[PDB]
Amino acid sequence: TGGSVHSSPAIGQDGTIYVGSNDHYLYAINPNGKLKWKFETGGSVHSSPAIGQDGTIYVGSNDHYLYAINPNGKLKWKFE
């Protein structure tokens, strides 16, 4: 992606690949290698995403927020 260090990828139920990056983005990648979307946080995403049973993607950022992102890439909430 963009981050020298990547976090560890998570695999969604539909096979989307999620990885966080040093460049502040959480990347969602289709199984063919094409970017599905990328979500901007305010800091480096070193931690590995977790995926809930409805498909929500949870990941921490160094901007101090735990993010909850909908599978379509839109913010659901952030926890402070």
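The first residue of the shown sequence is 1; numbering continues from there. So that the term is clear: the rigid core is the largest set of C-alpha atoms that superpose within 1.5 Å between two forms.
Choosing between 54-62 and 5-13, the greater Cα displacement from the shown form in 9 other deposited structures of this protein, fitted by the core, goes with 5-13. Annotation for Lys38: CA B-factor lies in the lowest third of the chain's modelled residues. Per-chain ranking of the deposited C-alpha B factor places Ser7 in the middle third. When all modelled residues of the chain are sorted by CA temperature factor, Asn70 is found within the middle third. Compared with the other modelled residues of the chain, the Cα B-factor recorded for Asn62 ranks in the highest third. Split the chain's modelled residues into thirds by C-alpha temperature factor. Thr16 is in the lowest one.
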